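**Student:** can you look at this? It's an experimental structure, sequence on top.
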Amino acid sequence: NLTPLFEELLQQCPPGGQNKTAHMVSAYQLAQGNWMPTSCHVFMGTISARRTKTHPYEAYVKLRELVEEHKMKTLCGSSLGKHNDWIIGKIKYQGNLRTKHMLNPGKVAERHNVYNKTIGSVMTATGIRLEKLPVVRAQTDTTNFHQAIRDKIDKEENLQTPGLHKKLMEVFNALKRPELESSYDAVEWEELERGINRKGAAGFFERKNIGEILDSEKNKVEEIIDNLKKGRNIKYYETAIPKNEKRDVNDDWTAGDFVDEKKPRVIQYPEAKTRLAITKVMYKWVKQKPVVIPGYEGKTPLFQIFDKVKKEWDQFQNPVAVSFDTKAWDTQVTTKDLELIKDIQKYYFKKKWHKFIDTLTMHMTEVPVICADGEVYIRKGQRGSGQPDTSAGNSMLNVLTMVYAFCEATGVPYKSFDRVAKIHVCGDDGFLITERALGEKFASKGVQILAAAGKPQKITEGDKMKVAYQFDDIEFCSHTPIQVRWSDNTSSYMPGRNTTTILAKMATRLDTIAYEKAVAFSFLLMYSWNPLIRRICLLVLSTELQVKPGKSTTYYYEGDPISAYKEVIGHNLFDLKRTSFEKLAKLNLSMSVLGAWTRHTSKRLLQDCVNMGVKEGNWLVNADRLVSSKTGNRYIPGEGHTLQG
């Protein structure tokens with residue numbers, strides 16, 4: 001017989017759930033005969049069968065090949081990353097993504113923009129053709145979306161020069177802050193929850209959102225935080241959706257409608273529980289609570305971005321400004337990069353939390369991404385746009401690279417950098433200010449030094465970087481400095497943009513007079529230099545003064561808007577005596593070329609304001625310097641303040 005040898009193997013064939021769905025044969029009944037396996041896992045002494053007339057040896061022949069098969073797949077395989085192997089389970093279909101430079105194992109089982117009633121109506125009444133105004137919320141087809149991944153996302157990590165990331169540390173070793181070293185730690189549930197979008201998007205396998213995760217399974221996030229701190233691999237996946245998909249939702253407050261506009265076609269975001277797990281821990285770094293990365297303006301509000309800068313620009317014997325057009329930055333992040341920012345995080349975080357960093361970064365190098373339609377792909381490094389670390393990390397990266405490029409092109413020591421240039425960034429977008437001498441070197445030798453670093457500039461001109469020679473040619477956060485002159489003869493620069501582009505952003509929604517006002521106040525803080533837009537905002541704010549403003553847009557106001565504006569701008573809207581002559585030409589010209597306004601549109605808006613603030617009394621529209629001037633009245637405003645979120 002053969003049983004005494006069948007008992008040998010069975011104490012080695014793997015365990016299983018005793019399943020009655022078929023024929024579980026006996027530890028000896030195998031040597032009987034005609035009882036050959038069709039499956040292996042043992043139920044404390046059974047396997048499958050087939051009644052296939054097998055010989056008491058043909059059984060052992062077959063089974064032992066399954067044990068060889070099992071001891072093979074398991075234990076003694078490859079692919080899909082060394083930590084990401086879990087994702088093979090959730091596959092069901094073979095995958096059509098046609099990706100040439102990264103994996104693609106299969107697929108899984110799988111917001112219109114409307115007009116602002118009041119604000120739109122205001123515009124038309126003056127001659128503004130909304131038909132002739134840019135569309136600023138277009139979506140994208142999935143056919144087009146699929147090609148967006150191949151065109152932009154599937155690529156091998158750029159070639160970053162030998163011993164570069166040592167020089168980048170060499171750089172960060174100048175701008176480090178020993179006063180905070182090994183100090184950061186997790187934040188409590190209140191400080192995290194204070195500013196948090198209760199409707200923050202959920203991962204592909206999730207069903208609740210940021211709020212509900214907070215409401216109910218707060219302990220589930222405490223798990224993700226524990227294991228990561230202890231050193232364990234966590235099921236890290238990212239989800240990928242197109243831009244302006246219903247699930248493109250910011251967990252933090254945007255200081256402008258430009259942030260969601262400097263977004264990439266392809267948004268990659270981790271499970272919402274995982275967004276919290278990272279953030280209750282890395283809050284001090286990711287939000288950048290103390291600000292550590294020099295020149296990071298992501299916490300600065302838009303109205304002072306340029307006021308603050310012109311205080312620097314006005315110090316250089318002869319200053320120039322140079323821009324950073326990194327071609328689709330996010331897909332230009334190598335794995336040594338993410339390992340650099342990793343070391344940084346560990347410079348400021350405590351000792352207990354390094355493992356967290358150590359672990360989380362490992363996952364962030366080999367990232368499985370599930371698409372909207374189920375098509376999972378593996379990302380070759382790079383930054384997912386919706387990761388908590390995006391603004392925080394990306395920015396550190398930008399200055400370190402760009403410092404490196406600036407010193408590498410000019411020979412200025414990394415230590416002596418602040419003595420010869422100033423740097424402002426905002427994630428990947430930024431610029432740098434220095435003398436005409438130095439700027440020109442960095443301007444030409446820059447496209448090269450930078451492509452050499454894996455951060456390739458755009459197509460540009462003759463391979464020179466973008467150089468701003470006069471201050472009001474700078475671009476930043478998608479706005480440009482325009483200058484205003486006040487009652488008291490002072491100058492001060494405001495955040496300029498194109499009139500058409502503002503009217504487009506302002507009239508449109510995304511699937512409510514109180515909201516329409518909060519928009520017109522939020523637009524006034526930035527665009528009061530633009531009289532067409534100033535007069536519009538006053539005309540809207542002055543409607544339905546009963547109705548308190550809404551709170552879902554960038555800013556809003558508590559009390560008398562013209563007093564709130566005063567609190568944040570440091571000047572009364574009435575004090576706006578003149579807007580820069582030439583710079584207002586440029587930003588208004590788009591309007592004549594698209595034909596969005598008429599000869600009569602300028603005067604007609606003003607007349608509506610004078611027609612309104614002429615009746616005896618204290619009328620909002622009279623906040624405009626000229627309106628009040630020809631309407632004889634003035635606006636006497638009560639206590640008012642500015643808020644956000």
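**Tutor:** It's in. Residues are numbered from 1 along each chain as shown.
**Student:** you'd agree residue 568 is up against residue 525?
**Tutor:** Yes - in this structure residue 568 lies within contact range of residue 525 using Cβ atoms under 8 Å: 6.3 Å. Quick note: C-beta positions are derived from backbone N, CA and C, even for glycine.
**Student:** okay, and the common contacts of these two?
**Tutor:** Shared contacts of residue 568 and residue 525, defined by Cβ atoms under 8 Å, 6 or more residues apart in numbering, comprise 303, 642.
**Student:** between the two, tell me which one has more neighbours.
**Tutor:** Legend: neighbour count by other Cβ atoms under 10 Å for residue 568 and residue 525, higher for residue 525 (22 against 15).
**Student:** with adjacent residues omitted, what lies nearest to the more buried one?
**Tutor:** residue 303 (5.4 Å; Cβ to Cβ, 6 or more residues apart in numbering).
**Student:** does the one you found lie in a helix or a strand, and which?
**Tutor:** Residue 303 belongs to helix 302-313 when assigned by DSSP states H and E.
**Student:** for residue 291, see how far away the residue nearest to residue 525 is.
**Tutor:** According to Cβ to Cβ, to the nearest Å, residue 303 and residue 291 sit 18 Å apart.
**Student:** more neighbours: which of these two?
**Tutor:** Between residue 303 and residue 291, counted using other Cβ under 10 Å, the more crowded position is residue 303 (22 against 14).
**Student:** which element follows the longest helix along the chain toward the C-terminus?
**Tutor:** As assigned by DSSP state H, the longest helix anywhere in the chain is helix 390-410. The C-terminal neighbour of helix 390-410 among helices and strands, as given by DSSP H and E, is strand 421-426.
**Student:** now do the longest helix of the chain against strand 421-426, angle only.
**Tutor:** Interaxial angle, helix 390-410 versus strand 421-426 (axes from the mean of the first three to the mean of the last three Cα atoms, to 10 degrees): 150 degrees.
**Student:** and helix 390-410, how far from the chain's centre?
**Tutor:** With Cα atoms, centre = their mean, to the nearest Å as the basis, helix 390-410 stands 18 Å off its chain's centre.
**Student:** and the helices in the stretch 401-550 of the chain?
**Tutor:** For the stretch 401-550 of the chain, the helices defined by DSSP state H, counting those that start in this stretch occupy 436-451, 499-507, 513-527, 531-541.
**Student:** output the ones you listed in TSV; the columns should cover distance to residue 279.
**Tutor:** Listed next are the helices of the stretch 401-550 of the chain as TSV, based on distance: least, Cβ to Cβ, whole Å:
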stretch	distance to residue 279
helix 436-451	31
helix 499-507	29
helix 513-527	26
helix 531-541	35
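**Student:** which one of those helices lies closest to residue 236?
**Tutor:** helix 436-451 (30.3 Å; Cβ to Cβ).
**Student:** now do the closest one: everything it contacts.
**Tutor:** In contact with helix 436-451 (Cβ under 8 Å, 6+ apart) are residues 318-322, 326, 401, 404-406, 408-410, 412, 420-421, 432, 434, 456-457, 460, 463-465, 467.
**Student:** what residues of that helix count as buried?
**Tutor:** 438-440, 442-443, 445-447, 449-451 (16 or more other Cβ atoms under 10 Å).
**Student:** for these, which one is nearest residue 278?
**Tutor:** Nearest to residue 278 out of the buried residues of helix 436-451 is residue 450 (Cβ to Cβ; 29.3 Å).
**Student:** from residue 460, how far off is that closest one?
**Tutor:** For residue 450, the distance to residue 460 (Cβ to Cβ) stands at 11 Å.
**Student:** just residue 619 next, same as before
**Tutor:** Distance from residue 619 to residue 460, by Cβ to Cβ: 50 Å.
**Student:** more neighbours: the two, which one.
**Tutor:** Using other Cβ under 10 Å as the criterion, residue 619 and residue 460 rank with residue 619 on top: 21 against 15.
**Student:** list the contacts for that one?
**Tutor:** Counting by Cβ under 8 Å, 6+ apart, residue 619 makes contact with 542, 612-613, 631, 633, 635.
**Student:** how about those residues in a markdown table, adding neighbour count and secondary structure?
**Tutor:** Formatted as a markdown table, those follow (neighbours: other Cβ atoms under 10 Å; DSSP: H, G, I helix; E, B strand; the rest coil):
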| residue | neighbour count | secondary structure |
| --- | --- | --- |
| 542 | 20 | coil |
| 612 | 18 | coil |
| 613 | 26 | coil |
| 631 | 19 | helix |
| 633 | 16 | coil |
| 635 | 23 | coil |
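**Student:** these into a markdown table, with extra columns for distance to residue 202?
**Tutor:** Output for these, formatted as a markdown table (distance: Cβ to Cβ, whole Å):
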| residue | distance to residue 202 |
| --- | --- |
| 542 | 41 |
| 612 | 47 |
| 613 | 49 |
| 631 | 52 |
| 633 | 53 |
| 635 | 46 |
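**Student:** domains of the protein?
**Tutor:** 3-73, 117-130+480-644, 142-471 (automatic domain parsing).
**Student:** ends of the second one, what's the gap?
**Tutor:** With Cα to Cα, to the nearest Å as the measure, domain 117-130+480-644 spans 23 Å from end to end.
**Student:** in a helix, residue 123, correct?
**Tutor:** Yes - counting by DSSP: H, G, I helix; E, B strand; the rest coil, one finds residue 123 located in a helix.
**Student:** separation between it and residue 567?
**Tutor:** Distance of residue 123 to residue 567, given as Cβ to Cβ: 28 Å.
**Student:** who has more neighbours out of the two?
**Tutor:** residue 123 (26 against 14).
**Student:** so that one makes contact with residue 503?
**Tutor:** Yes - Residue 123 lies in contact with residue 503 (Cβ under 8 Å); the separation is 6.6 Å.
**Student:** need the residues touching each of those two.
**Tutor:** What both residue 123 and residue 503 touch, as defined by Cβ under 8 Å, 6+ apart, is an empty set.
**Student:** centre of this structure to the edge, which residue is at the far end?
**Tutor:** residue 1 (69.3 Å; Cα atoms, centre = their mean).
**Student:** helix, strand or coil: sort out the nearest residue to that one once chain neighbours are set aside for me.
**Tutor:** Spatial nearest neighbour of residue 1, chain neighbours left out: residue 31 (5.3 Å); criterion: Cβ to Cβ, 6+ apart. Assigned with three-state DSSP, residue 31 falls in the helix class.
**Student:** ok, now which ones touch residue 31?
**Tutor:** 1-3, 6, 56, 59.
**Student:** ok, of those, which come out buried?
**Tutor:** 2-3, 6, 56, 59.
**Student:** of those residues, closest to residue 226?
**Tutor:** residue 6 (44.8 Å).
**Student:** correct me, but that closest one touches residue 59?
**Tutor:** Yes - using Cβ under 8 Å, residue 6 is in contact with residue 59, at 7.4 Å.
**Student:** spit out the residues that contact the two alike.
**Tutor:** 30-31.
**Student:** circling back to that earlier point, are any of the contacts of helix 436-451 buried, and which?
**Tutor:** Those of these that meet the buried threshold are 319-322, 326, 401, 404-406, 408-410, 412, 420-421, 432, 434, 456-457, 464-465, 467, by 16+ other Cβ under 10 Å.
**Student:** coming back round to it: ok, which of the domains of the chain comes nearest residue 105?
**Tutor:** Short answer: domain 142-471, nearest of these by Cβ to Cβ, at 6.3 Å.
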